[PDB]
Amino acid sequence: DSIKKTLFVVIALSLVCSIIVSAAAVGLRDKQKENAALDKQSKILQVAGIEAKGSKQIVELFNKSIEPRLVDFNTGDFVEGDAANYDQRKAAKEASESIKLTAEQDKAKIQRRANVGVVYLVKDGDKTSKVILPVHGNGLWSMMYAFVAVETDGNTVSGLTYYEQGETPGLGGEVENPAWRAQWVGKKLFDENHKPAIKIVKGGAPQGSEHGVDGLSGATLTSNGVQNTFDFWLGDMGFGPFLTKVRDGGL
Amino acid sequence: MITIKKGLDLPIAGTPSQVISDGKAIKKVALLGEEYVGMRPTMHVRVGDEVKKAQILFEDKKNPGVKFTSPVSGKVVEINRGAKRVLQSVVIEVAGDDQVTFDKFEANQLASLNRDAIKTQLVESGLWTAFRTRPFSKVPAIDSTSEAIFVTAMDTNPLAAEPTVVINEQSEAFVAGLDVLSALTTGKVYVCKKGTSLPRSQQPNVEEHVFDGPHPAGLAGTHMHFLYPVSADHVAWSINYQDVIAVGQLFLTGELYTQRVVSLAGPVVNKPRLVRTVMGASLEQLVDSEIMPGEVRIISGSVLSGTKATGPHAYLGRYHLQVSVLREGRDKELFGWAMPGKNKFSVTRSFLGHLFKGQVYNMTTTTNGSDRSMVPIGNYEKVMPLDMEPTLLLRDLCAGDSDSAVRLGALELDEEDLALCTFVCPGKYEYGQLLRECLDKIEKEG
Amino acid sequence: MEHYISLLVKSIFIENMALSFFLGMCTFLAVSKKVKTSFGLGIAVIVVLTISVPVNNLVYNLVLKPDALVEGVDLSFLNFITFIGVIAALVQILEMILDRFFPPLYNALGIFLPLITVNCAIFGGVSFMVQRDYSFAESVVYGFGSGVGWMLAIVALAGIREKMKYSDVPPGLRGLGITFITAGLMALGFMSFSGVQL
Amino acid sequence: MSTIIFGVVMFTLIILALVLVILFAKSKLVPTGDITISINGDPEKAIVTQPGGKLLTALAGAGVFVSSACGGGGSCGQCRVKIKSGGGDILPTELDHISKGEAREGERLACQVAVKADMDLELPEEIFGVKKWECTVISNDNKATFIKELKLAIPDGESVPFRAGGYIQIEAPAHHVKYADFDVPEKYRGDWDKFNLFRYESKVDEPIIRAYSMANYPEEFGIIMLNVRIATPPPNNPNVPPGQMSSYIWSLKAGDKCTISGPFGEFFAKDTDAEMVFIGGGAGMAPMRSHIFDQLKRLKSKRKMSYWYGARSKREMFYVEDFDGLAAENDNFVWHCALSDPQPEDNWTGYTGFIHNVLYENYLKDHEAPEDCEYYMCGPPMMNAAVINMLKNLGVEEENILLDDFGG
Amino acid sequence: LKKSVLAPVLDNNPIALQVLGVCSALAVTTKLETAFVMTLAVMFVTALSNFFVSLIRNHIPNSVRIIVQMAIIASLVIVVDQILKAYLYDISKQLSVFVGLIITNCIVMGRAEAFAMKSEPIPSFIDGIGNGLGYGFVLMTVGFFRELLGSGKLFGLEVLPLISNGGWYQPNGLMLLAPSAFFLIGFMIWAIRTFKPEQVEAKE
Amino acid sequence: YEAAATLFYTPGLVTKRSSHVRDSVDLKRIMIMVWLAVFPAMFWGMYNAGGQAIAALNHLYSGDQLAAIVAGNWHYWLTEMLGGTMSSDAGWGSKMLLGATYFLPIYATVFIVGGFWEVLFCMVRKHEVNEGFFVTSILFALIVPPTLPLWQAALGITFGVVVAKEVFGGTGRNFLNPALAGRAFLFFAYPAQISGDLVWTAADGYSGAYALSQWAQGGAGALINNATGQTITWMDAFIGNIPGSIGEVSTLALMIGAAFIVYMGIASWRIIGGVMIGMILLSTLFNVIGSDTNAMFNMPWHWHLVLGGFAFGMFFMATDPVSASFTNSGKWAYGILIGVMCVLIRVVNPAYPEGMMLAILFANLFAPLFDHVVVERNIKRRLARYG
Ligand SMILES: Cc1cc2nc3c(=O)[nH]c(=O)nc-3n(C[C@H](O)[C@H](O)[C@H](O)COP(=O)(O)OP(=O)(O)OC[C@H]3O[C@@H](n4cnc5c(N)ncnc54)[C@H](O)[C@@H]3O)c2cc1C
Ligand SMILES: CCCCCCCCCCCCO[C@@H]1O[C@H](CO)[C@@H](O[C@H]2O[C@H](CO)[C@@H](O)[C@H](O)[C@H]2O)[C@H](O)[C@H]1O
Ligand SMILES: Cc1cc2nc3c(=O)[nH]c(=O)nc-3n(C[C@H](O)[C@H](O)[C@H](O)COP(=O)(O)O)c2cc1C
Ligand SMILES: Cc1cc2nc3c(=O)[nH]c(=O)nc-3n(C[C@H](O)[C@H](O)[C@H](O)CO)c2cc1C
Ligand code: FES
Ligand code: FES
């Protein structure tokens, strides 16, 4: 073997492979993001209750009925920006636009919070009926993310759905059980003193109670994770001020 | 003073009374052929031939130059051949007194003989077979020399004789044998002994080392491990006190000395004692009228590492200095394992027998249990005084591994050193034969 | 500095590549027969991983990260080829300039010396490093811990198999089936650290 | 599109950088040495073809071959090399052939040794003396069903450096041979024509080499006599493909051109005084005749000797005049024979059946010391096992059972 | 004839004899969807890599042979990964790392070194297809038991009703973990070597 | 039948080689002496399991509802038919009978199901039926909650006997603990029936938390026996009045039983000493460093000892001769590693409230490594001609 031939062979092989690889990885860059957006849009539609069995109609239903919007947690007011392309995970990760929570107030054990969050308003025409709030916190094995859709009065929940979790199936992975998620409808999030009134009680809650929710059987650690998630995100450091503005009207 | 902390003084009944008395007249001897390791005989004699004392019976093909001679003068009667025509024993009927006579030396001149002049006389007389080389326990090569010779001179076997009684009769012969061995060694002669006094040789090559403790203290393997560790590059010769007396008598008088003082003792013997006998005698007529009635097993050696003396092998071995007799146990017993035995022996504390201190048992030949797999509860580590890993070495031997057994230390050991490990094994394994097979494989892969 | 200690112990025990992520089994099950050879291969893997991870971190941070070289361009699709090229070149260097030119590791490195290139553990470690977004020192410590954990697992398996010389396995399960079952039992035992929050 | 060009350029640059690093590292370390091996000290022949790698690829290229057989890999282990300087590593495949003792003095196989650094060798003297030749065929006449004897003449009067019982490595260039012209005596016409055996043919594309043993003895110098067997499909399974090289040598005629490559040998006779027992079968007459003639006519030995042979019928025997004359000349040498299934016209009397069985029931059972005499066996592999079992049951050590076999 | 494509299914099975590709077998066998997608991906990658390496087998210098082969194999794996992300995003989200780990799959390198470099392109392609089939056999067989007994489903369809949904079956939690894969592969090897004794290993 | 005489009787063989006299100990006697050691623990466990069920049932129900419950479960109506009573003042007779009806089915199922595979393998491979299953079956039946389903116990013992023990070659050949391997199979496969507050007290509709996991919630002040309303003290947790399995509840009985087999030399004291040393060292380090949000950082050694299956594991399950180390130098390390791992799993790992069974399985992997280290040191000492 000689260098004169080896370099030529290597360069020719690289020139043969690279055009194919780059064209494949650049041509599909639009579909690779459409597929990613479709999952979130479908989950938001499912939480809002709109039925869309197909990526063809999911796009139009989400574009017409759902309006993403940014919210500033410190001020509890709307912010103008590219909400349809926001990235909450990286926004919280970056120290430029995030707050390092301290131990005594990091109830959800998320250790970082973003300065500005994103909420989705479900509306027809220009009248809004719901608002979908994304909340998350620590479980036992992994982070648990969820969407909670509250009514326009700021108190009544109209559905809870967990779209990302890694608990043990059948034992602590029952957060995705429809029998458990279907009981959150009609529950109330606040009391007359504006305290977080959601309580994941153990062993069962009184039937018809407006603040009690059945806990997971044999999954007390995950139930405590959910309780911490709500105690944080409904508190002062979360959607507290935003819901305070919401219950006064003008959502 | 070297003290051994681990071991087991076997409390078997019928301990002999250390008083030497004349034995029965012996009209038949034999020189065995299955006790010499790797010995392939070339028979120079035939049935009906008349042999003088110290006249060669057969040579070796694997160890050229080594000659085995006849203990007494008589007529050959049997050349018994076992399976695959293996030599079991050569039987000689003592019917004469003629002999072959060798050279004589003054007692003063025995410390300055040439090594070759000593070797020639030893090999011609047939006492060269008394030595054994550790490792492999083979008879030393004719032209080989080692710098450490271990004169045992102590006996700790069950129902064994006391060397101090035997030696004090032959003090001059013992001293002359020590002088000859000191001139022959080229290294040192390690005269192992207990705390008692023995005749002393006025030579710088001869050392008296005092041991102590239970049984394994009186083993040439233990003496080598504690005074001169052995390996493939360092072989050490071994010999007992009676063969040293024989060497001394040979070099003092010019005639081979084929007497013995063995201990006839056991649980089923009417009067245990030390009986003066002849080398390679016939045990069947040595132990007649000395045994209680019933089925018995006659052993040529200690019950831990002896040989059953039945049929062609019913003759005294070369390296054995005691005859042990004990009853045969064949009957079954219902729920014997669940009995809280008062008459049952064990190194563990799971029987009521160990509570009674000083008890002596009428032990039999039964294997208390059946063959099973090895569950190491820690019995071998209680009875191995050497610096080894016993329950790893025995698993290595059982698995058939040879190189790892060598690394763990199988070379320094012999079948007589694993007798206690076989004795205390819940799995009823025999480790001496496994070690012998391993050493044969090692020798062949040379 | 407690962060580096936590990273090291996490990589060694909590996230053991061989028995928690299960990467490298094609050699983990095949070469583990003697502790000497297993220790030699573990040392080789340690060295290769420790040298491979930081270089890939430097390259990914410099040129392959989105928007890192020129704003508006994203070359995160060359990750596989770049990582495998770096790993292969490092393994070739180790095999050909140092291992055999100096006193060689005879029978410690045989057919399995060029198999380090296609060892899944190194590529898995680089990919996980890319996902976790470590710094340079964290990358070094992560590589060292991963290598030490892999060596620990392979040496434990080698010791178990050496102990298994006394076993009596059925003829069908001789060697490979029993190796699979033994590795399964070891993985079952290694689930003590599953829930640790380190 | 601007990302495509960046990706292409960066792929090319990264791969070029990696390849250049590898090439530069190789250029900074490669020894580029040559002539790194000396086969011995005294001879001037210390030249090879390759600077390293495998050892045959350097020695056979320069003309040195203990036995550079086809393929290699130590499947037969005649490529014997002795080393005294260099790497002491042993291939896992070499522990099977080399004991630890020979390993300490450095004995290995050639198709396993890998050369990279300086060394010196201590090859045996037989390598320096072996050579090819140009022997012409004299006779290839058949004397049995499957046995042919080949007679050759050495050119220019040279004598091969051989000992009793050796073997020369015969060659066979590319050829195509048909069985059509094969013809045997009238008695063998029956069983030969029962399948007729002439439809068979062989294809040879390149020269091939196997070995044969000499039926002659050193005082018959100037003429090479061999015992050649034909390789035919087994009678029970005629659909098995036949043999190539044996068929080619069968096709050889008188006056034909032939080339031997050199004599090699094992299975020599011991220089002791014990009794000698020669046992064989099939084409094994060659080493036994060589040994018998050596010890009797050349060495003038007076050791008691017996040559026990087994056959199938009286028609299956040859060399009978030779062995009878030798037995009449020498009182110490007596040879016996047995027939497996004698025919009514054979007029046979005496021993019958398997050779090991007749041996045991007639001679060794009454023998006083069957463990001191020496045994030499060279015959059918199925007789090998029976004779080995019989001798081991009689109790004979491995050092006294000297045998030569062709690997079944 | 079809001996090249049919033999490595049982006669020369990669995982069963060569011990190649076991990591993906332990990983992606939890669900038949991912198992089948992985089988197809490895089949295509192995076949095409063998084809190209055999096409250029003459002009590969010894010094950079590994680089030359890895360029082709990594390019193929990158193309496959981009295609999976574009069209099978739901499946590609689950495989994750074990899609990029196709390059370090030992089957691909073993068949490239042993057969592709020294065989004709079409025989190399056929051998790659055969090895991929032999690998997929083990993948799908292990995945069948794992999915059916750990989640009571098959290909995502309901077969055994679960106790949490008003059925009768209580799912086994070990099937969704790794040791079940080890045990299943071990018992597969036992059964295969029982039915085909010629593959049994020696005591020594 | 021959399957009984060959068990009761001794074979009545004689020696034919090497040591003509043998020790009286044998594997049958070893296994039987170990099998009898857990009898006091088993009897107190049955008593306590009856008592807890009676107390919880009386606390929950009363009167007509109590009668309806008692007539709906076969344990309760069998106890009532056999002369016992489920009233609040039931005696030790009924408290033991209920535990017996809860334990005996599990033991019978485990014994039969494991023995089937034992006999099948030892018959196919042409061996004689060994022993040691007499220990494995009873230990497995003692280390499981009283409410475990029979169809789960059968699978657990099947896995433990076949995969962990019988595949490797049987008794004396395996490398892992069979009973703990089966229990770990159950623990990871069916975690709802071996964890939670519903499984320890064998009462219908009563949920009572683990005594060990009541500490992680609030500390020593959170230990309370909801069945009776009293608080668990150290004496209660030592004697064995806490809810739990049949076997490891009582610690005084475990010490009494294990003292005999330690004295007789069957169970090594080195492993027990190592476990004790490791537990004491680590659980004192945790107290010294302290913590605010974790309540198990303040649990001392004498509270680690009594609670959970620590005593049962250390005495009867950590001293398995086959799985443990073969060197007196490595037995100490094996024990120390067992204790350290158990304390670590208890304290730092939040998913598993009890970790003795996983600590033993972890140390079973690394015992051969310690053996290899000691043997390599011994070989390096031998090469210097000093051994
Ligand atoms: C040192 C030495 C000396 C020897 N001396 C002699 C001697 O003096 N005289 C003598 O006759 N022999 C001798 N032999 C035996 C030697 O093998 C001869 O060469 C013999 O004639 C065999 O012929 P061959 O080597 O050409 O066989 P080959 O042609 O190499 O092999 C063909 C044989 O294999 C069979 N075969 C081929 N292909 C297959 C297949 N696919 N399936 C099944 N079977 C198949 C054929 O039927 C035939 O039996 C000697 C061997 C050695 C090692
Ligand atoms: C057979 C017995 C063999 C073992 C012998 C004894 C070994 C014990 C060694 C350490 C002695 C003290 O052991 C242990 O110490 C710690 C403090 O360090 C005490 O700890 C106590 O005070 C600390 C103060 O910070 C509290 O957080 C903790 O909850 C409380 O228990 C324990 O109550 C005591 O049990
Ligand atoms: C293997 C295993 C996995 C478990 N996984 C979870 C889990 O993912 N989420 C959870 O809340 N509890 C899980 N648990 C149970 C907890 O460890 C703990 O016992 C339980 O949450 C407490 O139950 P309780 O307080 O409601 O009685 C698991 C238990 C085991 C044995
Ligand atoms: C002290 C002692 C403890 C034992 N512990 C166990 C145990 O925990 N589990 C088990 O299956 N067998 C146990 N056995 C039985 C036996 O030793 C075990 O099956 C071996 O591992 C053989 O497989 C024990 C035996 C003894 C003597
Ligand atoms: S061909 Fe025999 S060693 Fe090479
Ligand atoms: S196949 Fe070898 S690492 Fe995965």
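Residue numbers (the authors' numbering), protein chains in the order written: chain C, 6 to 256; chain A, 1 to 446; chain E, 1 to 198; chain F, 1 to 408; chain D, 7 to 210; chain B, 27 to 413.
The beta carbon of each residue, even a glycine, is placed where N, CA and C say it ideally should be.
(1) Is the beta carbon of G165 of chain F within less than 7 Å of some heavy atom of ligand 1?
(2) Looking only at DSSP bridge pairs, what is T69 of chain A linked to?
(3) Counting only Cβ pairs nearer than 8 Å, list the residues of chain C close to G195 of chain E.
(4) Does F211 of chain B come within less than 8 Å of chain D when only Cβ atoms are used?
(5) Over what stretch of residues does the beta strand (DSSP E) that includes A236 of chain A continue unbroken?
(6) Of the choices D:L82, D:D17 and D:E210, whose alpha-carbon is the least far from that of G140 of chain D?
(7) I want to check one thing, is the minimum distance from the CB of residue 415 of chain B to the heavy atoms of ligand 2 below 7 Å?
(8) State the DSSP-derived secondary structure class of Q131 of chain E, mapped to helix, strand or coil.
(9) Given a cut-off of 8 Å, decide if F318 of chain F and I230 of chain F are closer than it, judged by their beta-carbon atoms.
(10) Please report how far the alpha carbon of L8 of chain E lies from the alpha carbon of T391 of chain A, in whole angstroms.
(11) With DSSP as the reference, identify every bridge partner of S103 of chain C, one or two as the case may be.
(12) Run the proximity test for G177 of chain C: is its beta-carbon closer than 7 Å to any non-hydrogen atom belonging to ligand 7?
(13) Report all residues for which the CB-ligand distance to some heavy atom of ligand 4 is below 6 Å; order them along the chain.
(14) Give a yes or no on whether the minimum CB-CB distance between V21 of chain C and chain F is below 8 Å.
(15) Return yes when the C-beta of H328 of chain B is under 7 Å from any heavy atom of ligand 2, and no when it is not.
(16) For ligand 5, list every residue whose C-beta falls under 6 Å from any of its heavy atoms, going in chain order.
(17) Taking the alpha carbon of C373 of chain F as the reference point, which residue from F:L56, F:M390, F:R303 and F:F264 has its own alpha carbon closest?
(18) Rounded to a whole number of angstroms, what is the C-alpha to C-alpha distance between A29 of chain C and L82 of chain D?
(19) Given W133 of chain F, which residues of its chain have a CB within under 6 Å of its CB, disregarding the five upstream and five downstream residues?
(20) Can you tell me whether DSSP reads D273 of chain F as helix, strand or coil?
(21) Within its chain, find whatever has a CB closer than 8 Å to the CB of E94 of chain F; leave out the 5 residues flanking it on each side and keep chain order.
(22) Got a sec: does ligand 2 put a non-hydrogen atom nearer than 7 Å to the Cβ of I43 of chain E?
Walking through what the data contain:
(1) Answer for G165 of chain F: no, Cβ out of range of ligand 1.
(2) Under DSSP, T69 of chain A shares a beta bridge with A:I56.
(3) Near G195 of chain E (Cβ distances below 8 Å), the residues of chain C are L145 and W146.
(4) It does; some Cβ of chain D falls within 8 Å.
(5) For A236 of chain A, the uninterrupted beta strand (DSSP E) run begins and ends at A236 to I239, by DSSP.
(6) Relative to the Cα of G140 of chain D, the nearest Cα in the group D:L82, D:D17 and D:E210 belongs to D:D17.
(7) In the structure as shown, chain B begins at 27 and stops at 413. Residue 415 of chain B is therefore absent and cannot be evaluated.
(8) The three-state secondary structure of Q131 of chain E, taken from DSSP, is helix.
(9) With respect to the 8 Å criterion, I230 of chain F and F318 of chain F are not classified as neighbours on the basis of their beta carbons.
(10) Answer to the nearest angstrom: the Cα atoms are 37 Å apart.
(11) Within the DSSP secondary-structure output, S103 of chain C pairs in a beta bridge with C:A119.
(12) Ligand 7 is absent from the structure shown, which contains only ligand 1, ligand 2, ligand 3, ligand 4, ligand 5 and ligand 6.
(13) Going along the chain, the residues that qualify are A:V375, B:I56, B:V60, B:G158, B:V161, B:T162, B:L165, B:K191, B:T197, B:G198, B:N200, B:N203, B:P204, B:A205, B:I292, B:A293, B:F342, B:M343, B:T345, B:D346, B:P347, B:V348 and B:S349.
(14) No, its Cβ sits nowhere closer than 8 Å to a Cβ of chain F.
(15) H328 of chain B Cβ: within cutoff of ligand 2.
(16) Result (chain order): F:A69, F:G72, F:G74, F:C76, F:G77, F:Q78, F:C79, F:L109, F:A110 and F:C111.
(17) Closest by C-alpha distance to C373 of chain F, out of F:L56, F:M390, F:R303 and F:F264, is F:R303.
(18) Approximately 11 Å, taken between the alpha carbons.
(19) If we look at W133 of chain F and ignore the five residues flanking it on each side, its Cβ neighbours are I260.
(20) Coil.
(21) Counting only residues of its own chain and dropping the five nearest sequence neighbours on each side, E94 of chain F has a CB closer than 8 Å to the CB of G74, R108, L109 and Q112.
(22) Answer for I43 of chain E: no, Cβ out of range of ligand 2.
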